[PDB]
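Okay, so here's just one chain, in structure tokens, the form deposited in one PDB entry.
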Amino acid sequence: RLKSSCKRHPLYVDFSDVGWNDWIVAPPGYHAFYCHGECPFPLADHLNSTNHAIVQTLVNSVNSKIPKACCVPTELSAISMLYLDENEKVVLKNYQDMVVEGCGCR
């Protein structure tokens, strides 16, 4: 469980495991990766952070009760999925912000 800095980790999400395959016709699953890692003090530019996150991580080093910045998706991409409308017609809809492209500390 060793501490590491904020980055992107792989995650394949199979819809049958989540019970979504009842409504989603395709795909069976997708590579939706996830963000995880520590956002150290002082936080870097290269960690895709905001001035607020630099300030909050600083406030934490003085008051531990205030959390540091979370490692979160900063850049997301879309995926197309198929579903069945009311009259059994197949529909193709683009789902915004489904895949993590880059992580960052916020």
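Start at 1 with the first residue shown and count on from there. Rigid core (definition): largest C-alpha set, two forms, superposition within 1.5 Å.
Omitted from view is the form deposited in another entry, to which the following refers.
Task: Flag for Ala32, CA shift 2 Å or larger between this form and the one not shown after aligning core - done: Shift at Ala32: below 2 Å after core fit.
Task: Core-aligned CA displacement of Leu76 at least 2 Å between this form and the one not shown - done: No, its C-alpha moves less than 2 Å.
Task: Rigid core superposition, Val55 Cα moves 2 angstroms or more between this form and the one not shown - done: The answer is no; the displacement is under 2 Å.
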